[PDB]
Amino acid sequence: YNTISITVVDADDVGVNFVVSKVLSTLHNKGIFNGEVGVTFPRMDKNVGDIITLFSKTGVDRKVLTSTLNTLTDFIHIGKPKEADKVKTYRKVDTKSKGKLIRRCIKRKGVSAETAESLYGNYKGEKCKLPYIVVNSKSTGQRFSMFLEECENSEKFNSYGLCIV
RNA sequence: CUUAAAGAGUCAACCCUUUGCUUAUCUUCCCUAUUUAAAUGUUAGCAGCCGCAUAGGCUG
């Protein structure tokens, strides 16, 4: 499965992962991740990294994504399309923290507010200690941190370049 | 082989009565605080439905 490389140039001004977040945000709103384009990072050590690799099955040409990342050309480097027999695709994992589940339980189970806090008083508090990425959102108006972990491959992809199920 | 050797000090108590420390005053005069820088560690780890699950998935 052929892949192309996107390299974030080293900048003391902006964050290296912060450019990556704006790269991933601009790759979302300008299409790209329709149903087949996936993103892997060769440098999972503690952070996301700096080099971006897109391994779409039909192939990503250089012309389409040099105009997609037109706002990022100050500190980006777009490589040539190479080939790879296997990529390390990742998946999205969410963190649940108290009121994420409190307002869900009163909607479905029909319990009271004090009843819902009683069942979840001595539970929850999930905090992932794994690499994350601060990509925000445009449908719902807030910013958040998205966690990605290494697991098995999947055929289909979502609109974030990650695998589904 | 210790001036070794050894021995009950017990007892009871009214201190107490009185007083003028008073008066007096110039602390004052002077002051260069100063200068200068990244909030970073990616920051916030969110908003809901798919489900019996506070198991596991999706959505941006």
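Just so we're aligned: the first sequence equals residues 1 to 165 in PDB author numbering.
In this text, a Cβ means the ideal position worked out from N, Cα and C, and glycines have one as well.
For residue i, the residue or residues it bridges with in DSSP
i	result
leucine 148	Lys92
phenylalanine 157	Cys163
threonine 115	Note: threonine 115 sits in no beta bridge, so no partner.
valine 8	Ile76
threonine 66	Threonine 66 pairs with nothing; no bridge assigned.
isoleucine 106	For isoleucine 106, which the question treats as bridged, DSSP gives no partner whatsoever.
Beta-carbon spacing of residue i, residue j below 8 Å
i	j	result
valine 87	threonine 7	no
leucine 54	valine 37	yes
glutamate 126	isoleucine 102	no
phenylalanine 33	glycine 121	no
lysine 98	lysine 124	yes
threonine 66	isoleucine 51	no
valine 48	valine 20	yes
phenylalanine 144	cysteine 128	no
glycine 35	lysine 156	yes
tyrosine 1	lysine 57	yes
Residue from the options whose Cα sits closest to the Cα of residue i
i	options	result
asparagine 17	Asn70, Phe75, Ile32, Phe55	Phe75
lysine 30	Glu155, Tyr90, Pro42, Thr71	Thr71
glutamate 149	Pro131, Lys82, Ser159, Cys105	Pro131
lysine 63	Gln142, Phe157, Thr115, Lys80	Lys80
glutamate 152	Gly15, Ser5, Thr40	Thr40
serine 159	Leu27, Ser5, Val14, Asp13	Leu27
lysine 46	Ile133, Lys100, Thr115, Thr73	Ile133
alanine 84	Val93, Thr73, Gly59	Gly59
Where residue i falls: helix, strand or coil (DSSP)
i	result
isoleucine 32	coil
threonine 71	coil
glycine 79	strand
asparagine 2	strand
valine 60	coil
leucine 130	coil
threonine 26	helix
Cβ neighbours of residue i in the same chain (closer than 8 Å, five flanking residues each side left out)
i	result
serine 154	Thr89, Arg91, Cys163, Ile164, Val165
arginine 43	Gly49, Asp50, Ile51
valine 111	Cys105, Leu119
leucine 69	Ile6, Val23, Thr26, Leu27, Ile76, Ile78
Cβ-heavy atom distance, residue i to the ligand MN, below 7 Å
i	result
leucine 54	Absence of the ligand MN from the depicted structure is noted, as is the absence of any ligand whatsoever, leaving it without description.
Proximal residues to residue i (C-beta, below 6 Å), its chain only, five neighbours per side dropped
i	result
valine 135	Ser21, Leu24, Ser25, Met146
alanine 11	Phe75
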